[PDB]
Each structure stands twice: as C-alpha cells, then as structure tokens.
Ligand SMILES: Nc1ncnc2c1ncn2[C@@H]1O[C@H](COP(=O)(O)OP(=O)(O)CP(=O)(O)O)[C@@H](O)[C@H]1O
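Before any questions on binding or motion, here is one chain by itself as structure tokens, the form deposited without the named molecule.
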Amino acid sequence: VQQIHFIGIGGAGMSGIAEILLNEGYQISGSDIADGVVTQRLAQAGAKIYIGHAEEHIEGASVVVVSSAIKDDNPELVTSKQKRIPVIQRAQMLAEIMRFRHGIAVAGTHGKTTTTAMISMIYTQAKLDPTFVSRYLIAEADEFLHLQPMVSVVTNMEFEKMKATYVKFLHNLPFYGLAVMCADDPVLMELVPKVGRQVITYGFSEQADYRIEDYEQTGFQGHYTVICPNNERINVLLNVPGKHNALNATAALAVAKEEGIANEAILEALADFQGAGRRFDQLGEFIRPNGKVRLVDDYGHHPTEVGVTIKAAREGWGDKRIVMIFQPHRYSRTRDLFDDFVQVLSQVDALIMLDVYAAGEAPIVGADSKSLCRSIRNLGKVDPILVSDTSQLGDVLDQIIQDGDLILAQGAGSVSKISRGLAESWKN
C-alpha cells in the first residue's frame, strides 16, 4: 500500500503521524477546511492536501486515517467505506508506527511531560537523534492501550478501573521489554507482582533500583546522588527545582542507562534542561549600595504558578528574603482570581506591585493594582508598595533592598522587558 489519506490532516494528532509516515516514504494525502501553518508545512514536504472534504479526494489512497474530530457524516469518510477502503483512527495509526520502532512511553498522573522531555533531551545529546511527540521514538502516554512501546514509564498513580487500565497498559510491553516505575509510589509497587515484565524502580525509597540520596536544592538548582543497580555513584546537577523534578530526571536517567548511554551525556542534558519557557530565569547578581541581590525573572501570572515559584524560592535558600515585583496581567484575570492573588502574593517578604498590564482590556473598577494592594495591606502579612511609573522602580528598589535579597520580577506583561532594563541600568 502506497498512498495514505488523512481526513483533517491539520488537526494536531494528525499532522505529526502524517509527517512521520511521509518521511518513511509513503505517499501522503488528506484534506482540511483550513490552510495554515500546518497544512502549508506538510504541503511543502510533499503531501497533497485539499481544502474542503470532497469525495474525489480518496482516489489512490489505500487506507484513510480519521479523527474523532471527524464526524459520522463526512463525505470522505462516508465514501471510503463504500469504496471498501480501510478507514483507521488516529490512535491505531499511531500504534502501528510504533510496532517496528523502539518507543519509550511516558505514563503516569504527574511528570509525563517533563520526563518525556528529559528523556528526549538525553537521547539527543547522546547523538541518538530520536523522534519525539533514527529509530527511537519518545512519546507521552496519556490515560493509549494501543501503544506498543519497548520501554514504558509510569511516574506515579494519584479507581479500581483506573488501576486495571494501567495494568492493561503495561501488559503491552514485549516479553523482553522494560517497565520503569516509581519506587516511592505504593500504588505502583503494589502492582509490580502483577506486571509480568522486567521492572526497574527509581526513587528516594529504601529499595529503589536507581536510588536518590542527599538531594539538596540550592536556589533553582537541585543537587543529588543516584545509586545505579550495581552500586556505582552518579552525582547529578539538575537545573530545575524540587524533588519532584529529581524524581523525573531519575526516571529519565533510569531509562537512559539501561539502553546504554554514557553518564557524560546523561549528565550534560540535565545540566542544561530548562523548564521550556521563562521560569526562574536568573538575570544576574548585582551589588547595589544597599546590598548584593539576585534578580530573577519568572513568567508566572496565575496564582498557582506564582505560588510554585515562591515555594521554589523558599526551598531555594532557606533564609534569603524574597522581595518580588509583581505585574498582574489582564483586568479580567485579576477580577476573577482577586482573593486568590491576595493570598499568594502575601506569601513573600516585601512586595512591590506594578500597574496591571492590560493586554487589550479596558480597566475594571476594583480589579487593579491599587485594589490588590489595599486588599493585601488589609491582610497584614505584607505591606505592599505600588509603583506606577516604572521609571522609578530602580530607585524604590534601592531603598528597600537588603543584603542578599532575592528579587523576583513576576508576571508576563512587560515585566520581563522592565526587569531587563533594570539590569541594564545596574550594569552601568
């Protein structure tokens, strides 16, 4: 079979598999209602894509792949059945693509994305040129039973039907396959006996095949040792915070060694593994007249993320004073999550509030920075300072600084444009 037809090829989920099949050598065709980044891309790679579903669009295809985004009624779908042509779903196709390939499947409730990245970062440095979503295929497995990987990670499980679902999911490993599981999860460990494949554990746990000890988090970096199964030590430097990432890079490390990669690569990848965006970006330490301070840039603009960042920093040092500069993004948001903002932002030591970055929005009474500030002042955990003319920031700051202050420039508006200008000044 030589021509494959995708109905609605620009939907995510499809382009990807389509591109894979395309590089494999198949002929590819499909259709969609909109011509955009995706279709133009596949298109220049050699696909034939129509715009609009039309019954003549099937000619030549041997199989036709469709999404659940496509509906019972589609002329292409409909016509295909009539013409015999095997119609298969995105899922089955993805499974197929795995069958003759060496795929690693990252599953669990938490950590899937980061682990997946951590593994790819690793295989890449290893010069393995893996494919991610050569012959290696790194993929995120989200709660699926179709995937036919050769390695499968389950980071954690946090009902009996769910339990059964995972068991079904691991069962798809080959007899010689590997399951890498978190030793620190009882649910998991309770499932081991039922697995029926080789099992590698990683964790802080007493009994971990790959054990983590003396982990310590310095600033937004993590420091720790891992004990491979033969009792050989590896001192890890992880460029992101929290034990939880230690856990995910250890699923990664675990998966990596056991396919034979040099510790050098493993370590290099992680050393240089960012959170995929603007998180904990340290702009520099600066000696000001009132002290030496670290100035860090963070994109968190929703009470939750804002929370993680503060907790991270707290654990980061342990005595440092956190002085944060926050710029609420959008009036809508501040209105909707006001009380939540008051709470989180009262978790720091000194707070300077910038005016809301409107992003397009017209101001909303009582959802602005004076409004937050007052509400915060009423809580009495922290007495905020409001700075509407950013031109003044550096000066207000220099007056409240204290030796060894961490300064978080927090938000997503022009806040990072502002903090950078603040470094430039200070640099001068």
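One-based numbering along the sequence shown.
One more form of this protein should be noted, the form deposited with the named molecule bound, which is absent from this view; the next part is about it.
- Screening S120, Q327, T334, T309 for any heavy atom within 4.5 Å of the named molecule in the bound PDB entry leaves a single hit, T309.
- Proximity to the named molecule in the bound PDB entry, taken as a non-hydrogen atom within 4.5 angstroms, holds for one residue of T201, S152, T114, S80, which is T114.
- Interface residue remark: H244 is counted as part of the site for the named molecule in the bound PDB entry, having a heavy atom within 4.5 Å.
- When contacts are judged by a 4.5 Å heavy atom cut-off, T250 does not count as touching the named molecule in the bound PDB entry.
- Of the heavy atoms in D340, none are within 4.5 Å of the named molecule in the bound PDB entry.
- In the bound PDB entry, the named molecule lies farther than 4.5 Å from every heavy atom of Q125.
- If you check the named molecule in the bound PDB entry, you find a heavy atom from every one of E140, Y299 and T304 within 4.5 Å.
- Heavy atoms within 4.5 Å of the named molecule in the bound PDB entry map, among the stretches 210-218, 104-112, 266-274, 167-175, onto 104-112 alone.
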